[PDB]
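Participant: Sharing a structure with you now.
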Amino acid sequence: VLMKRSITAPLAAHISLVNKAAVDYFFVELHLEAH
Amino acid sequence: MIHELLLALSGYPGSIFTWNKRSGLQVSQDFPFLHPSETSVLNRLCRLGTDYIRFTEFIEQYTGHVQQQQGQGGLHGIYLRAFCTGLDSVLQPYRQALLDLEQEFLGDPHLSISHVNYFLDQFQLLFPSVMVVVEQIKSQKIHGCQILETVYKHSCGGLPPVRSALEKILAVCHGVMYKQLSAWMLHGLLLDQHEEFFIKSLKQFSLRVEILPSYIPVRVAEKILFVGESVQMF
Amino acid sequence: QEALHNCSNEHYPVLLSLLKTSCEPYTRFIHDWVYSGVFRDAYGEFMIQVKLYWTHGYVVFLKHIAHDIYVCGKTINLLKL
């Protein structure tokens, strides 16, 4: 059998960081809320 | 004639004991240098070799014949392969015995055929006994969990070697059920499709008295179903 | 797919040893676009291949992680442009 509990965890820990930092890169730098 | 019998008995039938499939092994016939006194002992020993060749043929036939792709558990199906896995390792002392016979024949070549017969007669009862179990499974198209009860009814008898010999096989075919249950209970993941481990959210999941083992009552089975559905939902 | 289908057979370790190294370069390719921002395709055998920025292709490994990598690389690759 295959499982992903020691494969997908140290990958998703970086996926989520990248996505949230992209949202923050929008807002605190490029000010879409101002537009 | 001596060494030839051992070779035939292991599953290499000679030009003396000619293998057919509608009759097994057969001697070449009356010759003026032989007469029935040795002949009958040889025939009685040849019975066990007939059974052994059939066993190896069946075990070979149902284990290692597909890269695993319906509804089939008797031409295919994990439980059949599990039985075939158990049967050869239970058959290991026979091979060990034949191995012993060659060494004894090497030490002193004048040893009788009755000498072989008395050593092998601890197997003379057990080998017909195990045959009806495999014959039941093949004939009645017994698949899935139903193989367990077929072996289990004859592992409640009154002969110790038959009981232990069947017990090892039942351990193996229990093992496949345990492997499916060990994931489905704590996760919900199942590895089987078109076979049952006696439990097939709140729909596509069915529990049946028919597929469940007779010697495992209904009450524990309902709890198993409850656990799996509960963890599957949240 | 043969691994999750059966593991109660004597041919489990041989096929496991085959897959354990046959999945080795693919793991490296997944480990590239996310940690270094370098998109590395092999022969078309790697699952993901390449103003408004919609110029990357997308045409069994689990698809539930496929799109997450597919978006985790393209933001860094946009910062490269």
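We name chains A, B, ... following the order of the structure tokens; residues begin at 1 in each chain, and ligands are numbered from 1 as shown.
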Contacts between chain C and chain A, please, where a residue of chain A counts if it comes within 6 Å (with only C-alpha atoms); show its shortest atom pair and distance in Å to one decimal, rows by chain and ascending number, as CSV.
Facilitator:
residue,atom,partner,partner_atom,distance
A:1,CA,C:4,CA,3.9
A:2,CA,C:4,CA,5.7
A:15,CA,C:72,CA,5.8
Participant: May I ask you to extract the residues of chain B within 12 Å of chain A, using only C-alpha atoms, and to give them as JSON, numbers by chain?
Facilitator: {"B": [179, 180, 183, 187, 189, 190, 191, 192]}
Participant: Please find the residues of chain B near chain C - the criterion being any atom within 9 Å, counting only C-alpha atoms - and write them as a ChimeraX atom specification.
Facilitator: /B:63-64,67-68,78,81-82,85,175-176,179,191-193
Participant: If we count only C-alpha atoms and set the cut-off at 8 Å, which residues sit around residue 11 (chain B), ignoring sequence neighbours fewer than 2 positions away in its own chain? Please answer as a VMD selection string.
Facilitator: chain B and resid 7 to 9 13 49 52 to 53
Participant: Please produce an output containing N, CA, C and O atoms for each residue in the selection, written as an mmCIF file, in the first residue's frame.
Facilitator:
data_model
loop_
_atom_site.group_PDB
_atom_site.id
_atom_site.type_symbol
_atom_site.label_atom_id
_atom_site.label_comp_id
_atom_site.auth_asym_id
_atom_site.auth_seq_id
_atom_site.Cartn_x
_atom_site.Cartn_y
_atom_site.Cartn_z
ATOM 1 N N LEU B 7 11.979 -39.867 -7.041
ATOM 2 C CA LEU B 7 11.873 -38.825 -8.061
ATOM 3 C C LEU B 7 10.440 -38.633 -8.523
ATOM 4 O O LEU B 7 9.997 -37.498 -8.728
ATOM 5 N N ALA B 8 9.710 -39.736 -8.708
ATOM 6 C CA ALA B 8 8.297 -39.651 -9.055
ATOM 7 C C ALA B 8 7.507 -38.974 -7.951
ATOM 8 O O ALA B 8 6.623 -38.155 -8.219
ATOM 9 N N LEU B 9 7.864 -39.267 -6.707
ATOM 10 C CA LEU B 9 7.093 -38.831 -5.557
ATOM 11 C C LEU B 9 7.250 -37.336 -5.323
ATOM 12 O O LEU B 9 6.294 -36.661 -4.919
ATOM 13 N N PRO B 13 7.603 -37.506 -12.375
ATOM 14 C CA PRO B 13 7.197 -38.880 -12.697
ATOM 15 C C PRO B 13 8.094 -39.493 -13.762
ATOM 16 O O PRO B 13 8.420 -38.857 -14.766
ATOM 17 N N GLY B 49 1.926 -39.406 -3.754
ATOM 18 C CA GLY B 49 2.548 -38.605 -4.793
ATOM 19 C C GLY B 49 1.555 -38.049 -5.794
ATOM 20 O O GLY B 49 1.748 -36.940 -6.309
ATOM 21 N N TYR B 52 0.184 -35.112 -4.058
ATOM 22 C CA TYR B 52 1.188 -34.053 -3.960
ATOM 23 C C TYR B 52 1.352 -33.291 -5.270
ATOM 24 O O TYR B 52 1.479 -32.055 -5.266
ATOM 25 N N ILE B 53 1.357 -34.013 -6.395
ATOM 26 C CA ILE B 53 1.490 -33.372 -7.701
ATOM 27 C C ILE B 53 0.277 -32.499 -7.982
ATOM 28 O O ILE B 53 0.408 -31.367 -8.481
#
Participant: Tell me which of B:76, B:174, B:194, B:44 sits closest to residue 27 (chain B), counting only C-alpha atoms.
Facilitator: B:44
Participant: Would you work out the distance separating CA of residue 215 (chain B) from CA of residue 149 (chain B), expressed in Å to one decimal?
Facilitator: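 Distance between the two atoms: 7.6 Å.
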